[PDB]
Amino acid sequence: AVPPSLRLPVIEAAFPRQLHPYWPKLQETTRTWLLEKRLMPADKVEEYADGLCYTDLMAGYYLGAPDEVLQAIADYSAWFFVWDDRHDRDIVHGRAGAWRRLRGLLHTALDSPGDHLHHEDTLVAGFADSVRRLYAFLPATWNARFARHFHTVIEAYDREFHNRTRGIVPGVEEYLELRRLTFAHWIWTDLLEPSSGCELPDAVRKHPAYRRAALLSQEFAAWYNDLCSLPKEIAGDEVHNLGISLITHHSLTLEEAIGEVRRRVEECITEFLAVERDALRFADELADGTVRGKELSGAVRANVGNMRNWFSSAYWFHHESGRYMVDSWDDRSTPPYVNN
Ligand SMILES: CC[N+](CC)(CC)Cc1ccccc1
Ligand SMILES: [Mg+2]
Ligand SMILES: [Mg+2]
Ligand SMILES: [Mg+2]
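Cut-offs applied
- Residues numbered from 1 in each chain as written, not as in the entry; some residues may be left out.
- Chains lettered and ligands numbered in written order.
- Heavy atoms only, no water.
- UniProt positions renumbered as here; feature names shortened; annotations may be inferred.
- Helix = DSSP H or I, 4+ residues; strand = E, 2+ residues; numbered from the N terminus.
- Buried < 20%, exposed > 50% of the residue type's maximum accessible area, 1.4 Å probe, protein only.
- Contact = heavy atoms within 4.5 Å.
- Polar contact = N/O pair within 3.5 Å; in protein donor to acceptor, adjacent residues only side chain to side chain.
- Near = heavy atom within 4 Å.
- Areas by Shrake-Rupley, 256 points an atom, 1.4 Å probe, with all protein chains shown as cover.
- Nonpolar A, V, L, I, M, F, W, Y, C, P; charged D, E, K, R; others polar.

For this entry, the PDB record names X-ray crystallography as the structure determination method and reports a resolution of 1.950 Å.

Going by the annotation in the PDB entry, the name recorded for the protein is Epi-isozizaene synthase, with Streptomyces coelicolor given as the source organism. Recorded under Function, the UniProt text for the protein is reproduced unchanged: "Catalyzes the cyclization of farnesyl diphosphate (FPP) to the sesquiterpene epi-isozizaene." Under the Catalytic activity heading, UniProt states for the protein: "(2E,6E)-farnesyl diphosphate = (+)-epi-isozizaene + diphosphate".

(A) Broad picture of the UniProt feature "binding site: Mg(2+) 3" in the protein. With numbering matched to this structure, UniProt assigns "binding site: Mg(2+) 3" to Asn225, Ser229 and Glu233. Here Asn225 is to be found in helix α13 (residues 208-235). Classification of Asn225 as buried rests on a relative accessible area of 8%. Apart from residues no more than four positions distant in its own chain, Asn225 is found in contact with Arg179, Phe183, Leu230, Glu233, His318 and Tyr324. At 2.8 Å, the side chain of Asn225 forms a polar contact with the side chain of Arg179. Along the chain, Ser229 turns up in helix α13. The exposure class of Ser229 is buried, given its relative accessible area of 0%. The residues contacting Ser229, other than those within four sequence positions of it, are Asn241 and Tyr324.

(B) Structural view of the site of ligand 1. Around ligand 1, the neighbouring residues are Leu57, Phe80, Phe81, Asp84, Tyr157, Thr182, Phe183, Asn225, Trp310, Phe317, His318 and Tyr324. Contact with the protein chains covers 97% of the free accessible surface of ligand 1, which is 370 Å². Its residues placed into classes, the shell around ligand 1 shows eight nonpolar, three polar and one charged.

(C) The side chain of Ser217, seen in detail. Considering the arrangement of structural elements, one finds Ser217 in helix α13. Residue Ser217 is classed as buried on the basis of its relative accessible area, which comes to 1%. In contact with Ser217, other than residues within four places in its own chain, are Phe272, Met307, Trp310 and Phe311.

(D) Inspection of unusual backbone geometry at higher detail. Positive phi values are uncommon outside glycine, yet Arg38 reaches one of about 60°. Within the secondary structure, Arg38 sits in the loop between α2 (23-36) and α3 (42-52). Classification of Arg38 by relative accessible area gives exposed; the value is 60%. Within the chain, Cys53 stands out as a residue other than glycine whose phi angle is a positive 60°.

In structure tokens:
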């Protein structure tokens, strides 16, 4: 049973889960990859990797992805969680020099991953491998957009480093803006395209209904994460969380903050349902009888279908993943799967 404070009956009833048929193989291949790239210790991979459900999350999201594309996304995603863990540990241990250097290396590797496939920092080498593979599906223009988006993500993580080091809790609106970057909204939105096999023209992916649907899917996932990961984050002195900003700057109690975050998450669902109709109408309109129109139509339809799947995959992931099971840890401040 999902804890009452985290339960969303509309998701449970109206957003039926989907699972990509490649999932079983994906689970094993990503685990093997984490080991080969030395991203986590062998004993921790054995005990925790599968229980973290990182592949499950992506396999419930990018439905219809060619297996090769799904593999690359899952590897990159598992890398992304490990980076989030490294970032946290660097901050906790006050390793400002190590963080700055990693930051600079990621910016560099992002632009030229091939050159960094065997970097001494296994986190950098892991990054380079997944990004090189991601860069092999679509034209260079998509690769450039992914890079542009991720350069922005890296810098948001830097901003987080300095907030936490300096003991600052962002204001609510400052936070909401930053969160679109720390959650990598536009990266996941970018990845819809290789998943449906088509780089969408700016005029298509920037259609207002496509844009708004894409945004709301991510706002849901990010804010729902905030809601579910709040106890783990409070315990680990993370300050980045919609609820923490509300508690700190709106004088809300924990109870009130949880309530407000819930409300905002719920509004996301019903706002998405409305714009979803417009985005699907757009997909229909693209199908104008031409070969190109049919291609674009089917790709928009698939992408919007996956925007919808993010809701259920992200929802269930927070209840299945070991990542958030802080009640199960002896030291609530130090998750067992992180390198401390
Ligand atoms: C570190 C977590 N993550 C994904 C790697 C960073 C963007 C956000 C996320 C959390 C939970 C579900 C989905 C995404
Ligand atoms: Mg985190
Ligand atoms: Mg984070
Ligand atoms: Mg969180």
